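# Notes for the structure review
If you want the building blocks of each chain, they are given just below.
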Amino acid sequence: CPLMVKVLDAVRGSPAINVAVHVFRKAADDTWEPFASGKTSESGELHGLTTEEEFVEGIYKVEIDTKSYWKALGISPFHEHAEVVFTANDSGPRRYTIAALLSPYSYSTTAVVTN
Amino acid sequence: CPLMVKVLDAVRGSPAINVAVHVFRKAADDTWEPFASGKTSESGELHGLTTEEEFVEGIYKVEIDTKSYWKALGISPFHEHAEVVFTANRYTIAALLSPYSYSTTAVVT
Amino acid sequence: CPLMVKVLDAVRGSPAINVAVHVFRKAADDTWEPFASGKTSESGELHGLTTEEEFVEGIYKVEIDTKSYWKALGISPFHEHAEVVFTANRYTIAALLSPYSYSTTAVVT
Amino acid sequence: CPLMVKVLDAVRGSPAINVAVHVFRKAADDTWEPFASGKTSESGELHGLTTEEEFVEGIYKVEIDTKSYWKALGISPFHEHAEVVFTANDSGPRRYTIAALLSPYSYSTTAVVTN
Ligand SMILES: O=C(O)c1cc(-c2ccc(F)cc2F)ccc1O
Ligand SMILES: O=C(O)c1cc(-c2ccc(F)cc2F)ccc1O
């Protein structure tokens, strides 16, 4: 599994469950094409987005729909969403985990990149 | 000054200086229109982006060119940039930068 | 002012006001001795902890009473406090607070 | 496994491997007693610190030896270590993951607490 997303909730100390995630890939003509989407599980994880074959070199945008998450919990947050934009697989294939930690007026994002 | 940006470097424990910042406002047709831009100062701060008059309610995007910042230091970064997207309904957008990670917070006072 | 502390609230997007901060210096016998203390201001800042004269090289501990802060808001927090331990060899110790998480950074200029 | 520690490296985008972790428990007389210790694996994780039976109610300090980690990589970091101090199991037993994200002049810590 070459692209995984993990989301945690810094207010509740829990995984962030059922968070919508949209992934896009920058096309030849510089527009963002829909690549893959899904939502985080009970463990705050989203797997199965893509395959090794499909996940070619490119610039990818991972959009985490944080606003809808916080709104469902009764919190009016600051951000519309958390976007993570990165070049992937430009010196051959890697496995990426995009991790986000969410608070209503703040988020943090890191990537763990392995061979 | 209703909107300011502050950027810090988590590797060096310093302001992140001369970092390009571009701000956009969402247009009626769902396009991002150029609003304001600047480079962070010696103190890692960017002031004077806009005025209370022009900073009306709307959806805004603040894009921080983190890649160029790391590249000028000879450090390979993960992200293409750091984007902060919010509805304006004083705003300080702060970002703390590492090569493979960033945090962003809004202080609204 | 060689040492200042700044605390922000990540739930409200605001300075964290009236937060108790205690600073200690490590003694020769490996004990923590009381050095300086204060409460954060309306801007979430604590200045005037010490002087250049007294702020000599050594190991320092900055303890931020985050538990009391959340408790006064009716929010059950995870941590007892936030501790920052460093060797002093201007220092701004910043902390960004959530109920189950905090981040701390040092800006040294 | 009721107490786990996970450590990531924000400079390299990798788990933080072989990081020393010391856990203490506040004793009756207000001193910190050695509870458990170990070091993070190739995945940046430390498991097997304690058992359900031993991990009673109390105030625990988890000390992550970040300075030694950064020094081994040629970086002179700001902090001596990252300390996480918390009351555990005070409304019955829980499972705790203490997560840290490390940069030379900054760290972040969150806890994920489950039943
Ligand atoms: O599985 C993980 O890698 C994980 C990670 C975090 C976390 C903590 C701090 C941070 F800045 C980002 C994170 F994704 C919090 C909890 C967690 O379980
Ligand atoms: O001026 C400020 O508001 C400031 C802020 C930080 C900081 C710390 C942690 C974090 F997640 C984000 C930040 F921008 C670090 C240092 C700092 O001076």
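- Chain A has the name Transthyretin in the PDB entry, where Homo sapiens is given as its organism.
- For this entry, the PDB title field holds "Human transthyretin (ttr) complexed with diflunisal".
- In the Function part of its UniProt record, chain A is described as follows: "Thyroid hormone-binding protein. Probably transports thyroxine from the bloodstream to the brain."
- Its UniProt record gives chain A a comment under Sequence similarities, which states: "Belongs to the transthyretin family."

- As annotated in the PDB entry, chain B is Transthyretin from Homo sapiens.
- Of the comments in the UniProt record for chain B, the one headed Subunit reads "Homotetramer. Dimer of dimers. In the homotetramer, subunits assemble around a central channel that can accommodate two ligand molecules. Interacts with RBP4."
- A UniProt comment under Sequence similarities is attached to chain B, and it reads "Belongs to the transthyretin family."

## Some points on the overall build of chain B
- Helices and strands together make up the secondary structure of chain B, namely one helix and nine strands.
- Each helix and strand of chain B, ordered N terminal to C terminal, gives the series β-β-β-β-β-β-α-β-β-β.
- A globule of 109 residues ought to have a C-alpha radius of gyration of about 13 Å, and chain B, at 14 Å, matches this closely.
- Principal-axis analysis of the C-alpha atoms places the extent of chain B at approximately 40 × 30 × 20 Å.

## Description of the sheet that holds strand β3 (residues 20-26) of chain A
- One open sheet accounts for eight strands, arranged β4(A)-β3(A)-β6(A)-β7(A)-β7(B)-β6(B)-β3(B)-β4(B); its pairing is antiparallel. Each edge of the open sheet carries a strand with a single partner, namely β4 (32-39) of chain A together with β4 (32-39) of chain B. On average, each strand axis in the sheet is tilted by 20° relative to the strand beside it, whichever way the strands run.
- Strand direction decides the pairing type here: strand β3 (residues 20-26) of chain B and β4(B), joined by seven bridges, are antiparallel. If you follow B:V21 over to β4(B), its bridge partner there is B:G38.

## Some words on the interface of chain B and chain A
- The interface is formed by 21 residues belonging to chain B together with 22 residues belonging to chain A.
- Here chain B and chain A share an interface that buries about 1,800 Å² over both sides, 54% of which is from carbon and sulfur atoms.
- Between B:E83 and A:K61 there is a salt bridge, with its nearest N and O atoms 3.8 Å apart.
- At the junction of chain B and chain A, the tally comes to 15 residue pairs in polar contact.
- Among the secondary structure elements, those contributing two or more residues to the side of chain B that touches chain A are β7 (79-88), β8 (91-98) and β9 (101-108) of chain B.
- Residue contributions to the side of chain B that touches chain A peak at eight residues, all from β7(B).
- Of the residues belonging to the side of chain B that touches chain A, the class tally is 11 nonpolar, seven polar and three charged.
- Of the strand pairs in this sheet, strand β7 (residues 79-88) of chain A and β7(B) are connected by five bridges, and their pairing is antiparallel. Counted as the bridge partner of A:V84 is B:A82 from β7(B).

## Digging into the relation of the copies chain A and chain D
- Under the fitted operation, chain A is carried onto chain D by 0.0 Å of movement along the axis and a turn of 180°, and the coordinates agree to an RMSD of 0.0 Å. Both chain copies can therefore be described as sitting about a two-fold axis. Across chain A, the rotation axis passes nearest the C-alpha of A:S108, at a separation of 4.5 Å.
- Take the interface residues of chain A: 100% of them recur as interface residues in chain D, which is what a same-surface contact looks like.

## Observations regarding the site of ligand 2
- Taken together, B:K6, B:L8, B:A94, B:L96, B:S103, C:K6, C:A94, C:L96, C:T105 and C:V107 make up the full set of residues adjacent to ligand 2.
- This site is not confined to one chain, since residues near ligand 2 come from chains B and C.
- Interatomic distance of 2.6 Å between a side-chain N/O atom of B:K6 and an oxygen atom of ligand 2.
- The fraction of the free accessible surface of ligand 2 (410 Å²) that becomes covered by protein chains is 94%.
- Those elements that provide at least two residues to the shell around ligand 2 are β1 (3-9) and β8 of chain B together with β8 (91-98) and β9 (101-108) of chain C.
- Along the lines of polarity and charge, the residues of the shell around ligand 2 split into six nonpolar, two polar and two charged.

## Digging into the pairing of β1(B)
All names here are of chain B.
- In terms of burial, β1 is largely enclosed, as five of its seven residues are buried.
- Pairing of β1 with β8 involves seven bridges; the strand directions are parallel. Bridge pairing in β8 places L3 opposite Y91.
- One ladder, built from two bridges, connects β1 with strand β5 (residues 45-46); its direction is antiparallel. Opposite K6, over in β5, you have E45 as the bridge partner.
- Here β1 runs beside strand β2 (residues 14-15); their pairing, made up of two bridges, is antiparallel. Following the sheet pairing, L8 is matched in β2 by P15.

## Describing the interface of chain A and chain D
- Across the boundary between the two partners, chain A contributes 11 residues, which contact 11 residues of chain D.
- Here chain A and chain D share an interface that buries about 730 Å² over both sides, 64% of which is from carbon and sulfur atoms.
- When the buried area of chain A at its contact with chain D is split by residue, A:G13, A:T110 and A:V112 rank highest and sum to 49% of it.
- Applying the counting criterion to the chain A and chain D interface returns zero salt bridges.
- Linking chain A with chain D are two residue pairs in polar contact.

Cut-offs and rules
- Residues numbered from 1 in each chain as written, not as in the entry; some residues may be left out.
- Chains lettered and ligands numbered in written order.
- Heavy atoms only, no water.
- Residues with missing side-chain atoms left out of burial classes, pairs and counts.
- UniProt positions renumbered as here; feature names shortened; annotations may be inferred.
- Helix = DSSP H or I, 4+ residues; strand = E, 2+ residues; numbered from the N terminus.
- Rg over C-alpha atoms; globule rule 2.2 N^0.38 Å.
- Pairing = 2+ DSSP bridges.
- Axes fitted to C-alpha atoms, helices over the stretch in contact; angles between N-to-C directions.
- Contact = heavy atoms within 4.5 Å.
- Buried area = accessible area lost by both parts, 1.4 Å probe.
- Salt bridge = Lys/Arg side-chain N within 4 Å of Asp/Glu carboxyl O.
- Polar contact = N/O pair within 3.5 Å; in protein donor to acceptor, adjacent residues only side chain to side chain.
- Nonpolar A, V, L, I, M, F, W, Y, C, P; charged D, E, K, R; others polar.
- Least-squares fit on C-alpha atoms.
- Near = heavy atom within 4 Å.
- Areas by Shrake-Rupley, 256 points an atom, 1.4 Å probe, with all protein chains shown as cover.
- Buried < 20%, exposed > 50% of the residue type's maximum accessible area, 1.4 Å probe, protein only.

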